[PDB]
Every structure is written in structure tokens, then in C-alpha cells.
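**Student:**
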Amino acid sequence: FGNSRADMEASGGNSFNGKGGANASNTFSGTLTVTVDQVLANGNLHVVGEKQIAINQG
Amino acid sequence: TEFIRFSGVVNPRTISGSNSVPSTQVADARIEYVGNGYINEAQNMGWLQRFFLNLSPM
Numbered sequence: 001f002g003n004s005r006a007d008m009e010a011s012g013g014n015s016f017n018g019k020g021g022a023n024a025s026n027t028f029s030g031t032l033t034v035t036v037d038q039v040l041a042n043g044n045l046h047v048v049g050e051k052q053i054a055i056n057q058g
Numbered sequence: 001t002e003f004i005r006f007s008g009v010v011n012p013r014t015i016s017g018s019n020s021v022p023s024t025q026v027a028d029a030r031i032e033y034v035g036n037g038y039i040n041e042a043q044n045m046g047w048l049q050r051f052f053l054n055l056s057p058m
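Just so you know, the protein sequences line up as chains A and B, in that order. Position 4 of the first sequence, counted from 1, bears residue number 4 in my numbering, the numbering being contiguous throughout. Position 28 of the second sequence, counted from 1, bears residue number 28 in my numbering, the numbering being contiguous throughout.
Here it is in C-alpha cells:
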């Protein structure tokens, strides 16, 4: 063990970090009167409707 | 001069006792609120700015 022939010193490290995410949303509020355009074979009603507004520019 | 125009289809059993219907019970509602005069002319975009708003790259 003379002349520092056995001394030793070492270090080491390692790291990792990952992450992620996502989201989505939507809302809707109002009232609209539609019209029946077809009566299906089991009594259900197919309905369609449209409302058009024009306030001063568009 | 301001113009308020309206067009639609009404179901008679929705008319109230005072001969009135809320506009949310009309089927093909077309409402329009426009005007003329220079007060209305002061709210259209200039032809150059209108051209740029559509054909500018960004």
C-alpha cells in the first residue's frame, strides 16, 4: 500500500424525469326551435333546424 | 334609419293570452337589425384594410 498505490476515489450519477398530459373541454347554452323532417320506423323523430341572426354588421 | 326585420314560423298553441310569443319558440327564425346613414358607414372597414385582412400572410 505504499506510494498511494492502492488509494481510490470514484463518483457516479444518473437522473431522468419525464412527464406529460392533455385536456379538452367545451360548453354550449341556448334555445332553438327545430322541425320534424322524418318519422322513423319505431316512432323516433328526425329533427332539423336553423336560426340566422344579423346584428348590424355580419 | 334603422331597420328591424323578422321572419319565422309559429305554432298557434304557443301564443300566450296576450297575443304574444317569445322568439325562442319560432322555428325558422330570421332576425335582422341593420341601419344606414353615415353612422353605419363609419363601421365598415376600408377596402384596403379589408383586402389586407384576407390576403396578408399573417
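Backbone N, C-alpha and C define an ideal beta-carbon position, used for all residues, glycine too.
Cα separation between residue 42(B) and residue 27(B)?
**Tutor:** 34 Å
**Student:** So what does residue 53(A) bridge to, in DSSP terms?
**Tutor:** For residue 53(A), which the question treats as bridged, DSSP gives the partners 31(B).
**Student:** Do you know offhand how far residue 16(B)'s Cα is from residue 25(B)'s?
**Tutor:** 12 Å
**Student:** So, is residue 29(B) buried or exposed, given that buried needs 16 or more other C-beta atoms within 10 angstroms?
**Tutor:** By the 16-neighbour rule on beta-carbons within 10 angstroms, residue 29(B) is buried.
**Student:** Below 8 Å between beta carbons is the criterion; list the residues of the segment 16-34 of chain B that meet it against any residue of chain A, in chain order.
**Tutor:** 24, 25, 26, 27, 28, 29, 30, 31, 32, 33 and 34
**Student:** Who does residue 45(A) pair with in a DSSP beta bridge?
**Tutor:** 39(A)
**Student:** For residue 2(A) and residue 11(A), what's the separation of their Cα atoms in angstroms?
**Tutor:** Roughly 24 Å separates the two Cα atoms.
**Student:** Between residue 33(B) and residue 4(B), which are expected to be in contact by the criterion C-beta below 8 Å, what is the C-beta distance as a whole number of angstroms?
**Tutor:** Right, the Cβ-Cβ distance comes to about 5 Å (below 8 Å), so this counts as a contact.
**Student:** Three-state secondary structure (DSSP) at residue 4(A)?
**Tutor:** helix
**Student:** In three-state DSSP terms, what is residue 15(B)?
**Tutor:** coil
**Student:** In angstroms, rounded to a whole number, what distance separates the CA positions of residue 51(B) and residue 44(B)?
**Tutor:** 13 Å
**Student:** If we call anything under 8 Å between Cβ atoms a contact, is residue 47(A) one with residue 31(A)?
**Tutor:** no
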